[PDB]
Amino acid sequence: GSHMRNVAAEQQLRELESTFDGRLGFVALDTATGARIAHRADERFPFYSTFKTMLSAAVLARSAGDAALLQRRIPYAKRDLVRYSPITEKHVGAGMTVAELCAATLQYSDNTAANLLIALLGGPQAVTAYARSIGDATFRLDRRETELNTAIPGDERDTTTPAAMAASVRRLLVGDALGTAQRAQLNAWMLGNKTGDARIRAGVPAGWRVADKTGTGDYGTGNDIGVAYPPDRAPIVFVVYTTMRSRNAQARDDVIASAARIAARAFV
């Protein structure tokens, strides 16, 4: 890569942002060099379900000191279910194990699973505290699902910046934030995500493996974060936040995929 190619990529991101009503917040980091491609990197965006990566990391960190935590079963009832709970709705009554809840919240974006894990940790502020412990001074989790999706202009609740989330994703999936085994489990869960096939994954070359977590608020909104593992080069961190409200899902997904494609072009 080169600085000149990264500058061209940033111009291409400004051009991409001009094709929709709204803002694009983008960081890609080439871990081979630390080179960064950035656009609105220090502006806050609603994170939506992308916080579930930080939540699951906090659970995994606790599990390193409690060998049974991931196998603990959490009961819950129909009245606990919030909207968008495709896995937890199947197991009302005796409930699911902590590991199963992490897998469901990461791979299917299950909202009740996230709420149960937030409660396990002691409330949303425990996720913020975990973010601080890994060096993220920006992330803040203030509410539960689904109230954290309100995305009110100027409201900093339940937001982060592209730069802070990219740094945290790097530390969690590629770096030293977690212990070996927990870093690996977080990668394994996010590699198996089922909700992101049209987002970052759609913008990277065939043969790259992607560990991602999507976020979607109201209809037509969304984002995606993760790490791509090229087959023979170093991992690349991708963070794509937006404030768009698109006409349909594919229009929004095309923007996210295009943003990833711009950075992949610069780093190959």
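All residue numbers are counted from 1 along the displayed sequence.
- Taking the PDB entry as given, 241-249 carries the higher mean Cα B factor of the two stretches 241-249 and 20-28.
- Taking the mean C-alpha B-factor of each stretch as recorded, 74-82 and 122-130 are not equal, and the higher mean is that of 74-82.
- Across 57, 64, 37, 227, the entry's maximum B-factor at the CA atom is seen for 64.
- Of the candidates 203, 235, 220, 215, the deposited coordinates give 220 the top C-alpha B factor.
- Among all modelled residues in its chain, residue 92 ranks in the highest third by Cα B-factor.
- In the deposited entry, the Cα temperature factor of residue 135 places it in the middle third of its chain's modelled residues.
- Ranked against the other modelled residues of its chain, the C-alpha B-factor of residue 255 as given in the entry falls in the highest third.
- Per the deposited record, the Cα B-factor of residue 194 falls in the middle third when ranked against the other modelled residues of its chain.
- In this PDB entry, the Cα temperature factor of residue 183 sits in the bottom third of its chain's modelled residues, the lowest group.
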